[PDB]
Amino acid sequence: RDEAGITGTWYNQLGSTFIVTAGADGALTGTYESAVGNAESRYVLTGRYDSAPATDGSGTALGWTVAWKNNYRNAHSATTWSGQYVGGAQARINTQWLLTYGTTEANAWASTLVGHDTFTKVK
Amino acid sequence: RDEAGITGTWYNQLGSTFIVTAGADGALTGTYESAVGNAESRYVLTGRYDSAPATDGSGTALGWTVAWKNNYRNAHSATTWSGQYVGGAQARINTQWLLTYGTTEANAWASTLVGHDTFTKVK
Amino acid sequence: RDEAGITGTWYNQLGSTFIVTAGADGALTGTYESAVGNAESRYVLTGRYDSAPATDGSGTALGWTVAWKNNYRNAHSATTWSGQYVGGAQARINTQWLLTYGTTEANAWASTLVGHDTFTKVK
Amino acid sequence: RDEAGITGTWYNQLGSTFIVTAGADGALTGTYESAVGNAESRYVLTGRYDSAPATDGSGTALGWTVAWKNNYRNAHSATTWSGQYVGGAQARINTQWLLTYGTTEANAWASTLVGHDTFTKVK
(Lines give C-alpha, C1' and ligand atoms only; values in the text may rest on other atoms or scores of the structure.)
Protein backbone atom coordinates (compact mmCIF):
# COMPACT_ATOMS: atom_id res chain seq x y z
CA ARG A 1 0.00 0.00 0.00
CA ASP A 2 2.10 2.88 -1.32
CA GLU A 3 -0.62 5.40 -2.00
CA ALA A 4 0.83 7.89 0.56
CA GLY A 5 4.44 7.06 -0.51
CA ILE A 6 3.77 7.89 -4.21
CA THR A 7 1.53 10.90 -3.86
CA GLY A 8 3.40 14.14 -3.97
CA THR A 9 6.03 16.12 -5.85
CA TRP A 10 9.00 14.40 -7.45
CA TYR A 11 12.03 15.68 -9.29
CA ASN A 12 14.28 13.91 -11.78
CA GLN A 13 17.95 14.26 -12.72
CA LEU A 14 17.12 16.84 -15.38
CA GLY A 15 15.26 19.03 -12.94
CA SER A 16 11.86 18.08 -14.26
CA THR A 17 8.90 18.15 -11.79
CA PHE A 18 6.36 15.34 -11.56
CA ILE A 19 3.30 16.11 -9.38
CA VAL A 20 1.16 12.99 -8.84
CA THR A 21 -1.72 11.71 -6.84
CA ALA A 22 -2.09 7.98 -6.37
CA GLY A 23 -5.73 6.78 -6.06
CA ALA A 24 -6.80 3.84 -3.86
CA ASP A 25 -8.04 2.22 -7.07
CA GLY A 26 -4.57 2.24 -8.84
CA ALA A 27 -4.93 5.58 -10.65
CA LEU A 28 -2.18 8.12 -11.16
CA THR A 29 -3.15 11.70 -12.00
CA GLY A 30 -1.25 14.93 -12.04
CA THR A 31 1.03 17.21 -14.01
CA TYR A 32 4.54 17.08 -15.53
CA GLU A 33 6.84 19.98 -16.22
CA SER A 34 9.93 19.17 -18.28
CA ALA A 35 13.17 21.02 -17.79
CA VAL A 36 14.20 20.08 -21.31
CA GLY A 37 12.87 19.69 -24.85
CA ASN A 38 9.94 21.29 -26.67
CA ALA A 39 7.99 21.99 -23.52
CA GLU A 40 6.84 24.76 -21.26
CA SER A 41 4.84 24.86 -18.09
CA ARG A 42 2.67 21.89 -16.98
CA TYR A 43 1.11 19.05 -18.95
CA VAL A 44 -1.55 16.59 -17.94
CA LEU A 45 -0.57 13.13 -17.01
CA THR A 46 -2.29 9.97 -16.18
CA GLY A 47 -1.25 6.52 -15.36
CA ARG A 48 -1.59 3.42 -13.17
CA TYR A 49 0.32 1.69 -10.35
CA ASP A 50 0.08 -1.71 -8.51
CA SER A 51 -2.06 -0.78 -5.44
CA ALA A 52 -1.31 -4.18 -3.78
CA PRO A 53 2.40 -4.76 -4.27
CA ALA A 54 4.35 -7.74 -3.03
CA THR A 55 5.46 -7.63 0.60
CA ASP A 56 8.90 -9.20 0.00
CA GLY A 57 10.93 -6.06 -0.52
CA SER A 58 10.09 -5.70 -4.25
CA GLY A 59 9.38 -2.35 -5.72
CA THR A 60 5.91 -1.14 -6.82
CA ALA A 61 5.34 -1.17 -10.59
CA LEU A 62 3.83 1.89 -12.22
CA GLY A 63 3.61 3.93 -15.37
CA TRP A 64 2.33 7.12 -16.78
CA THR A 65 1.90 9.14 -19.99
CA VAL A 66 2.24 12.74 -21.02
CA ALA A 67 1.13 14.03 -24.38
CA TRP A 68 3.12 17.16 -25.04
CA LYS A 69 0.19 19.45 -25.83
CA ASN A 70 -0.94 22.17 -23.48
CA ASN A 71 -2.21 25.75 -23.89
CA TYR A 72 1.29 26.98 -24.73
CA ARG A 73 2.67 24.45 -27.15
CA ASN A 74 2.23 21.26 -29.00
CA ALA A 75 5.24 19.06 -29.55
CA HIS A 76 3.17 16.38 -31.38
CA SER A 77 4.63 13.70 -29.12
CA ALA A 78 3.96 11.57 -26.12
CA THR A 79 6.24 10.09 -23.47
CA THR A 80 5.50 7.00 -21.41
CA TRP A 81 7.49 6.22 -18.27
CA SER A 82 7.48 2.67 -16.96
CA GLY A 83 9.15 1.84 -13.70
CA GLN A 84 8.95 1.08 -10.03
CA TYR A 85 8.63 2.99 -6.77
CA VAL A 86 11.15 2.00 -4.09
CA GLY A 87 10.07 3.25 -0.65
CA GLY A 88 12.21 4.29 2.33
CA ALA A 89 14.40 7.11 3.60
CA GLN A 90 15.61 7.99 0.18
CA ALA A 91 12.51 6.98 -1.81
CA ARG A 92 12.85 6.77 -5.54
CA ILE A 93 10.90 6.11 -8.70
CA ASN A 94 13.29 4.38 -11.20
CA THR A 95 11.98 4.59 -14.73
CA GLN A 96 12.69 3.92 -18.35
CA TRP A 97 10.77 5.95 -20.96
CA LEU A 98 9.68 5.95 -24.60
CA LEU A 99 9.05 9.30 -26.37
CA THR A 100 7.20 8.89 -29.72
CA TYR A 101 6.87 11.87 -32.12
CA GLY A 102 4.26 11.86 -34.86
CA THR A 103 5.98 11.09 -38.16
CA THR A 104 5.19 10.32 -41.78
CA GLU A 105 5.28 6.65 -42.72
CA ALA A 106 8.72 7.27 -44.43
CA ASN A 107 10.29 8.54 -41.16
CA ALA A 108 8.56 6.23 -38.68
CA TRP A 109 11.75 4.22 -38.22
CA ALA A 110 13.06 7.33 -36.40
CA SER A 111 9.95 8.11 -34.34
CA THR A 112 10.88 6.94 -30.88
CA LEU A 113 13.54 8.05 -28.33
CA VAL A 114 14.29 5.87 -25.25
CA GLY A 115 15.81 6.93 -22.01
CA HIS A 116 15.83 6.58 -18.27
CA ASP A 117 14.77 8.99 -15.45
CA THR A 118 15.27 8.60 -11.73
CA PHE A 119 12.90 10.61 -9.49
CA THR A 120 13.48 11.67 -5.92
CA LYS A 121 11.46 13.61 -3.42
CA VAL A 122 14.40 16.08 -2.99
CA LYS A 123 15.75 18.13 -6.02
CA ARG B 1 -8.75 15.64 -34.79
CA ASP B 2 -8.64 11.86 -34.43
CA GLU B 3 -11.01 11.41 -31.54
CA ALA B 4 -13.46 9.34 -33.66
CA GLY B 5 -10.57 7.51 -35.42
CA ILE B 6 -9.00 6.32 -32.11
CA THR B 7 -12.11 5.48 -30.14
CA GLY B 8 -13.10 1.89 -30.41
CA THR B 9 -11.83 -1.69 -30.23
CA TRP B 10 -8.36 -2.59 -31.42
CA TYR B 11 -6.51 -5.86 -31.71
CA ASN B 12 -2.78 -6.53 -31.82
CA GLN B 13 -0.64 -9.25 -33.41
CA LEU B 14 -0.88 -11.39 -30.28
CA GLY B 15 -4.65 -11.29 -30.28
CA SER B 16 -4.85 -8.87 -27.38
CA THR B 17 -7.87 -6.50 -27.26
CA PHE B 18 -7.54 -2.79 -26.52
CA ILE B 19 -10.86 -0.96 -25.93
CA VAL B 20 -10.35 2.82 -25.76
CA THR B 21 -12.23 6.05 -25.69
CA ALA B 22 -10.46 9.21 -26.77
CA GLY B 23 -11.66 12.39 -24.97
CA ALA B 24 -11.81 15.82 -26.64
CA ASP B 25 -9.37 16.95 -23.95
CA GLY B 26 -6.60 14.38 -24.90
CA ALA B 27 -7.62 11.61 -22.49
CA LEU B 28 -7.51 7.91 -23.22
CA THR B 29 -9.60 5.57 -21.05
CA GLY B 30 -10.60 1.98 -21.41
CA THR B 31 -9.63 -1.63 -20.85
CA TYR B 32 -6.91 -4.04 -22.04
CA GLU B 33 -7.12 -7.79 -22.26
CA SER B 34 -3.84 -9.58 -22.97
CA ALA B 35 -3.72 -12.80 -24.92
CA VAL B 36 -0.41 -13.63 -23.28
CA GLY B 37 1.47 -13.47 -19.98
CA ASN B 38 0.28 -13.39 -16.37
CA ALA B 39 -3.09 -11.91 -17.21
CA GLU B 40 -6.76 -12.72 -17.37
CA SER B 41 -9.81 -10.77 -18.35
CA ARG B 42 -9.76 -6.93 -18.53
CA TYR B 43 -7.53 -4.36 -16.85
CA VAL B 44 -7.96 -0.64 -16.52
CA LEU B 45 -6.01 1.62 -18.73
CA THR B 46 -5.46 5.26 -19.05
CA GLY B 47 -3.41 7.45 -21.21
CA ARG B 48 -3.12 10.57 -23.38
CA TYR B 49 -2.98 11.46 -27.10
CA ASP B 50 -2.22 14.65 -29.15
CA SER B 51 -5.77 16.05 -29.75
CA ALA B 52 -4.44 18.59 -32.32
CA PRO B 53 -2.01 16.67 -34.49
CA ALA B 54 -0.08 18.06 -37.42
CA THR B 55 -1.95 18.26 -40.72
CA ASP B 56 1.01 17.22 -42.91
CA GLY B 57 0.43 13.50 -43.01
CA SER B 58 2.20 12.76 -39.69
CA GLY B 59 0.79 10.27 -37.30
CA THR B 60 -0.88 11.16 -33.96
CA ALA B 61 1.29 10.54 -30.89
CA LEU B 62 -0.23 8.72 -27.95
CA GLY B 63 0.46 6.48 -25.00
CA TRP B 64 -1.16 4.47 -22.32
CA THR B 65 -0.52 2.37 -19.21
CA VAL B 66 -1.86 -0.82 -17.75
CA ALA B 67 -1.01 -2.01 -14.27
CA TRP B 68 -1.53 -5.74 -14.25
CA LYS B 69 -3.79 -5.91 -11.20
CA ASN B 70 -7.47 -6.67 -11.45
CA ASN B 71 -9.97 -8.71 -9.41
CA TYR B 72 -8.50 -11.97 -10.73
CA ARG B 73 -4.77 -11.53 -10.53
CA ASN B 74 -1.88 -9.34 -9.75
CA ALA B 75 1.23 -9.63 -11.86
CA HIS B 76 3.04 -6.84 -9.92
CA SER B 77 3.89 -5.10 -13.18
CA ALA B 78 2.93 -2.31 -15.47
CA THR B 79 3.20 -1.87 -19.23
CA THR B 80 3.39 1.45 -21.06
CA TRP B 81 2.79 1.66 -24.80
CA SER B 82 4.08 4.68 -26.67
CA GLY B 83 3.28 5.16 -30.31
CA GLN B 84 1.29 6.81 -33.02
CA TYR B 85 -2.11 6.42 -34.66
CA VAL B 86 -2.03 6.35 -38.47
CA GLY B 87 -5.50 6.96 -39.93
CA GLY B 88 -7.03 5.67 -43.18
CA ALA B 89 -8.50 2.55 -44.76
CA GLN B 90 -6.26 0.26 -42.85
CA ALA B 91 -5.85 2.37 -39.68
CA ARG B 92 -3.16 1.35 -37.27
CA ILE B 93 -1.66 2.19 -33.91
CA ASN B 94 2.12 1.41 -34.10
CA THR B 95 3.63 1.11 -30.65
CA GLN B 96 6.69 0.24 -28.68
CA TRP B 97 6.23 -0.82 -25.04
CA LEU B 98 8.06 -1.11 -21.71
CA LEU B 99 6.87 -3.72 -19.15
CA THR B 100 8.40 -3.18 -15.66
CA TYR B 101 7.98 -5.86 -12.93
CA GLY B 102 8.51 -4.99 -9.29
CA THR B 103 11.91 -6.31 -8.22
CA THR B 104 14.31 -6.20 -5.30
CA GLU B 105 17.17 -3.73 -5.65
CA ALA B 106 19.54 -6.72 -6.45
CA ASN B 107 17.41 -7.77 -9.49
CA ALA B 108 16.39 -4.34 -10.77
CA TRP B 109 18.83 -4.62 -13.67
CA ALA B 110 16.41 -7.28 -15.02
CA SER B 111 13.14 -5.46 -14.30
CA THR B 112 12.06 -4.23 -17.70
CA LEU B 113 11.02 -5.99 -20.95
CA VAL B 114 10.72 -4.00 -24.22
CA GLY B 115 8.71 -4.86 -27.25
CA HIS B 116 6.54 -3.63 -30.06
CA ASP B 117 2.78 -4.08 -30.78
CA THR B 118 0.86 -3.11 -33.88
CA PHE B 119 -2.91 -2.61 -33.45
CA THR B 120 -5.57 -2.83 -36.11
CA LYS B 121 -9.30 -2.42 -36.12
CA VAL B 122 -9.66 -5.94 -37.66
CA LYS B 123 -8.31 -9.09 -35.81
CA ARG C 1 24.44 -24.99 -34.96
CA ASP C 2 23.14 -22.17 -37.15
CA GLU C 3 26.36 -21.03 -38.73
CA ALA C 4 25.13 -21.94 -42.27
CA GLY C 5 21.59 -20.64 -41.50
CA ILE C 6 22.86 -17.15 -40.45
CA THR C 7 25.60 -16.61 -43.00
CA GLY C 8 24.43 -14.76 -46.03
CA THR C 9 22.50 -11.73 -47.24
CA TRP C 10 19.47 -10.46 -45.36
CA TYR C 11 17.00 -7.69 -46.03
CA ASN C 12 14.77 -5.81 -43.61
CA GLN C 13 11.38 -4.10 -43.94
CA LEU C 14 13.04 -0.82 -44.89
CA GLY C 15 14.98 -2.40 -47.71
CA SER C 16 18.26 -2.32 -45.86
CA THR C 17 20.84 -5.05 -46.67
CA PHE C 18 22.73 -6.96 -43.99
CA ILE C 19 25.59 -9.17 -45.29
CA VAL C 20 26.98 -11.40 -42.52
CA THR C 21 29.29 -14.29 -41.95
CA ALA C 22 28.84 -16.37 -38.83
CA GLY C 23 32.10 -17.88 -37.46
CA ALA C 24 32.29 -21.29 -35.74
CA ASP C 25 33.57 -19.40 -32.70
CA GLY C 26 30.41 -17.14 -32.35
CA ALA C 27 31.65 -14.19 -34.42
CA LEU C 28 29.55 -12.11 -36.76
CA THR C 29 31.31 -10.03 -39.42
CA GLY C 30 30.10 -8.24 -42.48
CA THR C 31 28.58 -5.07 -43.87
CA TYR C 32 25.33 -3.08 -43.50
CA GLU C 33 23.76 -0.78 -46.02
CA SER C 34 20.85 1.31 -44.75
CA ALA C 35 18.00 2.31 -47.00
CA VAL C 36 17.25 5.22 -44.69
CA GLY C 37 18.89 7.91 -42.57
CA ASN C 38 22.29 9.62 -42.79
CA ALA C 39 23.94 6.75 -44.60
CA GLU C 40 25.33 5.71 -47.93
CA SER C 41 26.90 2.56 -49.23
CA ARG C 42 28.29 -0.12 -46.84
CA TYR C 43 29.48 0.10 -43.25
CA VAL C 44 31.45 -2.38 -41.22
CA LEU C 45 29.69 -4.48 -38.71
CA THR C 46 30.64 -6.91 -36.09
CA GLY C 47 28.84 -8.90 -33.55
CA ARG C 48 28.29 -12.23 -31.77
CA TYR C 49 25.73 -15.08 -31.77
CA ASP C 50 25.07 -18.20 -29.58
CA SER C 51 26.96 -20.93 -31.53
CA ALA C 52 25.35 -23.70 -29.39
CA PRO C 53 21.69 -22.78 -29.11
CA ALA C 54 19.04 -24.76 -27.29
CA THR C 55 17.54 -27.69 -29.18
CA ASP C 56 13.96 -27.15 -27.94
CA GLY C 57 12.67 -24.95 -30.72
CA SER C 58 14.02 -21.67 -29.24
CA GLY C 59 15.56 -19.08 -31.43
CA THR C 60 19.30 -18.28 -31.57
CA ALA C 61 20.31 -15.09 -29.75
CA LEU C 62 22.60 -12.65 -31.52
CA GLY C 63 23.60 -9.04 -31.86
CA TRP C 64 25.66 -6.68 -33.87
CA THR C 65 26.87 -3.07 -34.13
CA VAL C 66 27.37 -0.56 -36.88
CA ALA C 67 29.13 2.74 -36.36
CA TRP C 68 27.90 5.06 -39.06
CA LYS C 69 31.30 6.15 -40.36
CA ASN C 70 32.65 5.02 -43.69
CA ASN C 71 34.64 6.65 -46.50
CA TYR C 72 31.59 8.62 -47.63
CA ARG C 73 30.04 9.95 -44.47
CA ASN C 74 30.07 10.12 -40.76
CA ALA C 75 26.77 10.27 -38.94
CA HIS C 76 28.47 10.32 -35.48
CA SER C 77 26.24 7.47 -34.33
CA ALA C 78 26.10 3.78 -33.74
CA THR C 79 23.27 1.26 -33.93
CA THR C 80 23.12 -2.03 -32.04
CA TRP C 81 20.64 -4.73 -33.03
CA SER C 82 19.78 -7.40 -30.50
CA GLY C 83 17.59 -10.30 -31.46
CA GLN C 84 17.18 -13.90 -32.43
CA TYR C 85 17.48 -16.02 -35.57
CA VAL C 86 14.50 -18.31 -36.23
CA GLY C 87 15.38 -21.02 -38.76
CA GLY C 88 13.14 -22.77 -41.30
CA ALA C 89 11.42 -22.25 -44.64
CA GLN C 90 10.83 -18.62 -44.00
CA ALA C 91 13.89 -17.91 -41.82
CA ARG C 92 13.97 -14.64 -39.97
CA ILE C 93 16.13 -12.53 -37.72
CA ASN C 94 13.77 -10.59 -35.34
CA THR C 95 15.52 -7.65 -33.76
CA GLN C 96 15.14 -4.60 -31.61
CA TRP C 97 17.73 -1.82 -31.98
CA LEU C 98 19.24 1.17 -30.18
CA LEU C 99 20.74 4.04 -32.25
CA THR C 100 22.86 6.46 -30.13
CA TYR C 101 24.07 9.78 -31.63
CA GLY C 102 26.94 11.67 -30.04
CA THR C 103 25.52 14.59 -28.07
CA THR C 104 26.58 17.29 -25.65
CA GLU C 105 25.88 16.57 -22.00
CA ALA C 106 22.86 19.03 -22.18
CA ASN C 107 21.19 17.01 -24.99
CA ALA C 108 22.10 13.48 -23.87
CA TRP C 109 18.55 12.86 -22.70
CA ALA C 110 17.67 12.84 -26.43
CA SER C 111 20.60 10.74 -27.68
CA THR C 112 19.03 7.37 -28.34
CA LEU C 113 16.36 6.13 -30.80
CA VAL C 114 14.82 2.63 -30.38
CA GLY C 115 13.16 0.53 -32.98
CA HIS C 116 12.61 -2.92 -34.37
CA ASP C 117 13.76 -4.58 -37.65
CA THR C 118 12.75 -7.92 -39.07
CA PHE C 119 15.17 -9.51 -41.57
CA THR C 120 14.39 -12.09 -44.20
CA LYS C 121 16.43 -13.87 -46.80
CA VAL C 122 14.01 -12.60 -49.53
CA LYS C 123 13.48 -8.79 -50.13
CA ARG D 1 40.34 10.64 -31.82
CA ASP D 2 39.43 8.73 -28.66
CA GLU D 3 41.29 5.51 -29.29
CA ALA D 4 43.52 6.01 -26.20
CA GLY D 5 40.56 7.36 -24.14
CA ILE D 6 38.40 4.23 -24.79
CA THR D 7 41.01 1.52 -24.57
CA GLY D 8 41.29 0.03 -21.15
CA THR D 9 39.32 -1.42 -18.24
CA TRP D 10 35.91 -0.05 -17.32
CA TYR D 11 33.50 -0.83 -14.54
CA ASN D 12 29.75 -0.28 -14.35
CA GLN D 13 27.32 0.38 -11.50
CA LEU D 14 26.75 -3.34 -11.01
CA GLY D 15 30.43 -4.05 -10.64
CA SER D 16 30.75 -5.61 -14.06
CA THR D 17 34.15 -5.30 -15.84
CA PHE D 18 34.47 -4.30 -19.48
CA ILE D 19 38.00 -4.69 -20.96
CA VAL D 20 38.23 -3.13 -24.43
CA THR D 21 40.69 -2.18 -27.08
CA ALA D 22 39.73 0.47 -29.59
CA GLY D 23 41.31 0.01 -33.07
CA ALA D 24 42.35 2.92 -35.32
CA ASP D 25 39.87 1.52 -37.84
CA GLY D 26 36.78 1.81 -35.48
CA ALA D 27 36.92 -1.71 -34.01
CA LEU D 28 36.17 -2.62 -30.42
CA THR D 29 37.47 -5.95 -29.09
CA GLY D 30 37.77 -7.38 -25.64
CA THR D 31 36.04 -9.22 -22.83
CA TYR D 32 33.06 -8.66 -20.50
CA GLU D 33 32.54 -10.12 -17.07
CA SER D 34 29.09 -9.60 -15.57
CA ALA D 35 28.57 -9.24 -11.86
CA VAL D 36 24.99 -10.37 -12.28
CA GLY D 37 22.79 -12.84 -14.16
CA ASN D 38 23.52 -16.23 -15.73
CA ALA D 39 27.19 -15.53 -16.23
CA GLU D 40 30.62 -16.46 -15.00
CA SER D 41 34.09 -15.37 -15.90
CA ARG D 42 34.83 -13.55 -19.21
CA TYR D 43 32.96 -13.50 -22.51
CA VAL D 44 34.09 -12.28 -25.88
CA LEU D 45 32.91 -8.98 -27.11
CA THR D 46 33.14 -7.03 -30.25
CA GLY D 47 31.85 -3.78 -31.44
CA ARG D 48 32.44 -0.47 -33.24
CA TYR D 49 32.94 3.22 -32.35
CA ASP D 50 33.10 6.55 -34.32
CA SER D 51 36.90 6.96 -34.84
CA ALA D 52 36.42 10.58 -36.07
CA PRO D 53 33.95 12.16 -33.69
CA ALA D 54 32.71 15.72 -33.82
CA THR D 55 34.97 18.35 -32.26
CA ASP D 56 32.16 20.42 -30.71
CA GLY D 57 32.00 18.80 -27.31
CA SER D 58 29.72 15.90 -28.39
CA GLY D 59 30.30 12.45 -27.11
CA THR D 60 31.69 9.55 -29.21
CA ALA D 61 29.08 7.01 -30.33
CA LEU D 62 29.83 3.34 -29.88
CA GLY D 63 28.35 -0.08 -29.34
CA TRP D 64 29.20 -3.63 -28.59
CA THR D 65 27.77 -7.14 -28.23
CA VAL D 66 28.27 -10.06 -25.92
CA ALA D 67 26.78 -13.47 -26.56
CA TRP D 68 26.53 -15.19 -23.22
CA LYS D 69 28.33 -18.39 -24.17
CA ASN D 70 31.79 -19.23 -22.94
CA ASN D 71 33.56 -22.40 -21.76
CA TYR D 72 31.64 -22.34 -18.47
CA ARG D 73 28.08 -21.58 -19.41
CA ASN D 74 25.61 -20.76 -22.05
CA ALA D 75 22.79 -18.41 -21.21
CA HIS D 76 21.35 -18.56 -24.78
CA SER D 77 21.26 -14.77 -24.93
CA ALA D 78 23.04 -11.75 -26.23
CA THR D 79 23.32 -8.19 -24.93
CA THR D 80 24.02 -5.13 -27.06
CA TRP D 81 25.11 -1.86 -25.47
CA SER D 82 24.68 1.34 -27.43
CA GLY D 83 26.00 4.59 -26.10
CA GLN D 84 28.60 7.30 -26.07
CA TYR D 85 32.02 7.90 -24.56
CA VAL D 86 32.41 11.24 -22.77
CA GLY D 87 36.08 12.10 -22.22
CA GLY D 88 37.71 14.10 -19.41
CA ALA D 89 38.71 13.88 -15.76
CA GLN D 90 35.84 11.66 -14.89
CA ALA D 91 35.47 9.85 -18.24
CA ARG D 92 32.36 7.82 -18.77
CA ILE D 93 30.66 5.52 -21.23
CA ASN D 94 26.85 6.10 -20.92
CA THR D 95 24.89 3.24 -22.42
CA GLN D 96 21.50 1.73 -22.92
CA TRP D 97 21.29 -2.02 -23.59
CA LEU D 98 19.05 -4.72 -25.07
CA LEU D 99 19.37 -8.33 -23.79
CA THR D 100 17.56 -10.87 -26.05
CA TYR D 101 17.10 -14.50 -24.88
CA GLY D 102 16.31 -17.24 -27.37
CA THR D 103 12.62 -18.08 -27.11
CA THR D 104 9.94 -20.12 -28.83
CA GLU D 105 7.70 -18.19 -31.20
CA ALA D 106 4.90 -18.29 -28.49
CA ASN D 107 7.13 -16.49 -25.92
CA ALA D 108 8.96 -14.09 -28.24
CA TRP D 109 6.90 -11.17 -26.96
CA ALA D 110 8.88 -11.60 -23.71
CA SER D 111 12.34 -12.10 -25.24
CA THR D 112 14.05 -8.79 -24.65
CA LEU D 113 15.11 -6.89 -21.48
CA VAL D 114 16.20 -3.21 -21.71
CA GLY D 115 18.35 -1.31 -19.32
CA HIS D 116 21.06 1.26 -18.86
CA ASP D 117 24.71 0.95 -17.68
CA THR D 118 27.15 3.72 -16.88
CA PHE D 119 30.86 2.80 -17.05
CA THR D 120 33.73 4.53 -15.32
CA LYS D 121 37.44 3.97 -15.22
CA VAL D 122 37.28 3.75 -11.37
CA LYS D 123 35.11 1.04 -9.60
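A, B, C and D label the chains in the order they appear, each numbered from 1.
Throughout what follows, contacts are C-beta pairs under 8 Å (C-beta built on N, C-alpha and C of every residue); 3 or more make two chains touch, one makes a residue touch a chain.
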item: Pair exhibiting more inter-chain C-beta contacts, B-D or A-D; value: B-D
item: Over-half contact-pair match to A-B, picked out of the listed pairs C-D, B-C or A-C; value: C-D
item: Whole-Å gap between the CA centroids of chain C and chain D; value: 15
item: Euclidean distance of C-alpha centroids - chain A vs chain D, Å; value: 27
item: Whole-Å separation of chain centres (CA-atom averages), chain B against chain D; value: 31
item: Residues of chain C engaged with two or more neighbouring chains; value: 96, 98, 111-112, 114-115
item: Of chain C, residues touching chain B in the complex; value: 96, 114-116
item: Of all residues in chain B, those that touch chain D in their complex; value: 14, 36-37, 98, 106, 109-115
item: In the complex with chain A, residue positions of chain B that touch it; value: 26-28, 44-54, 56-69, 74, 76-84, 86, 94-105, 108, 111-112, 114
